[PDB]
Each structure stands twice: as C-alpha cells, then as structure tokens.
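Working notes, structure below.
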Amino acid sequence: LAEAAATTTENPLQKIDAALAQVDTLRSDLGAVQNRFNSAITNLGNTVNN
Amino acid sequence: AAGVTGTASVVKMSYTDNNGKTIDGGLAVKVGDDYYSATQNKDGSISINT
Amino acid sequence: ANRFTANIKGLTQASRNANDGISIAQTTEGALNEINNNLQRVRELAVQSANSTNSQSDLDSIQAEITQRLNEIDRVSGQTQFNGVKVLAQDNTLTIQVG
Numbered sequence: 397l398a399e400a401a402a403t404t405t406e407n408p409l410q411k412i413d414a415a416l417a418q419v420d421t422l423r424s425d426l427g428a429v430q431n432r433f434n435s436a437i438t439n440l441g442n443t444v445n446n
Numbered sequence: 298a299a300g301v302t303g304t305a306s307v308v309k310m311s312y313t314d315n316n317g318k319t320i321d322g323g324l325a326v327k328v329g330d331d332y333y334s335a336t337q338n339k340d341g342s343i344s345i346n347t
Numbered sequence: 051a052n053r054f055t056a057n058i059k060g061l062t063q064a065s066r067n068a069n070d071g072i073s074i075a076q077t078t079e080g081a082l083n084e085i086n087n088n089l090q091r092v093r094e095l096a097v098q099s100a101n102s103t104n105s106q107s108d109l110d111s112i113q114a115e116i117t118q119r120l121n122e123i124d125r126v127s128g129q130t131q132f133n134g135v136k137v138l139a140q141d142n143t144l145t146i147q148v149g
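Chains as they are written, first to last, in the deposited numbering: chain A, 397 to 446; chain B, 298 to 347; chain C, 51 to 149.
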C-alpha cells in the first residue's frame, strides 16, 4: 500500500513524461504487431488457395 | 569474474534528446565509460542484471 | 501397340508431374509476393525515417515496426514449405521428369 507524501514532489514533469514514454512505446509495439498478424492472415490465405 | 578492469560504482541513468527534453531511469553500475543495468538487493546492496 | 501404350502411359504420368511442378511454382511465387509487400512497407518507413524532426522516441517507434516486419519476413521464409520442401530455406534444384 502506498504511503502519503510528506514533501512536495521534485521534477514531477520528468516522471510523468517517463510514464508517457513507456505507455506510448507499448502502444507503438501493439500497432506494429497488429500489422504482423494481418500480413500473416494474407499469407495463410494465399497458402490455402494454392 | 568477467574480467572488467576499473573502479565499480553505482550510478543513476539520465538521458537527453535533440529537443532538449530529459528523463531519468533506474540504477546501473558504471566502470569507466561502460555501464550495466543494476538491480536493488532488498538490503540496500546492488547487483548486476544478467 | 505395346510400345505405343508404354509411351502413352509415360506421357500421361508426365502430365501430373508437370502439374505438380506448376503447383510448387505457384506456392513459391505466392510466398514471394507477400515478402515483397513487407519489404516495400519497410521501404516506406525508411523514407519516413529521414525526417530530422523526429525525436529519438519517434525514431525508436519506427524502428519497432521495422524490426517486427523484418522478423516477420524471416518467419515466413523459414516456415513456408511444399509437402515439407523448405522452398525458401536453401538454394536447391528440384527434378521434374517431363518425358
């Protein structure tokens, strides 16, 4: 369980920005992988047809 | 064991970009210009990730 | 008549041999088309990369999809196969009798 802050946060901008960087990185990874899956779908389609 | 020659110390990572924005990470071990990602032992000592 | 019948049967089976050849060639071409698609998409990304406005974060973002697409190319190349023949895993020369 989280404590209660006793002193004001220093450089909160940097920490919030680090969090934002993490989340955006993961979202971009998701975006790439989704394309991976779609290309795999087309691969499978051509394979089954042939 | 790895044969790394030099002083061993624990440092905190800071990164800056071309925009001028800056961020900070976790902990690591720096020998000369080299670095190694570090993990905190529960007692306050430090270990190198492998 | 016996010799003619022998020739007839030989040519008949050669028909199916050639058809198997066409099938395998079709499969290979099919794989190559999608490989080409991925390469051209990665080319688009590479051209995008030239934008010096990009921050290191955006550069890593693009690098991520580039890496994923390349690894997907390797996956398809490794996994494609006709009746077990790794048609994209080694230089080869396959025999097809037609006479």
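We put the CB at the ideal spot given by N, CA and C, even for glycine.
With contacts defined as CB atoms closer than 8 Å, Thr347(B) and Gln410(A) fail to qualify as a contacting pair. Interface criterion not met: the Cβ of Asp413(A) is under 8 Å from no Cβ in chain C. The criterion of a C-beta distance shorter than 8 Å is not satisfied by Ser424(A) and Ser105(C). With respect to the C-alpha of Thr103(C), the residue from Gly303(B), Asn315(B) and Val301(B) having the closest C-alpha is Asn315(B).
Residue-level contact check: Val429(A) touches chain C, since one or more beta carbons of chain C fall below 8 Å from its beta carbon. Distance from the CA of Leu95(C) to the CA of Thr304(B), rounded to the nearest whole angstrom, comes to 43 Å. Judged by DSSP secondary structure, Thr77(C) falls within the alpha helix (DSSP H) whose first and last residues are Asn52 to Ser99. Close to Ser127(C), with beta-carbon spacing below 8 Å, lies no residue of chain A; the smallest spacing is near 11 Å.
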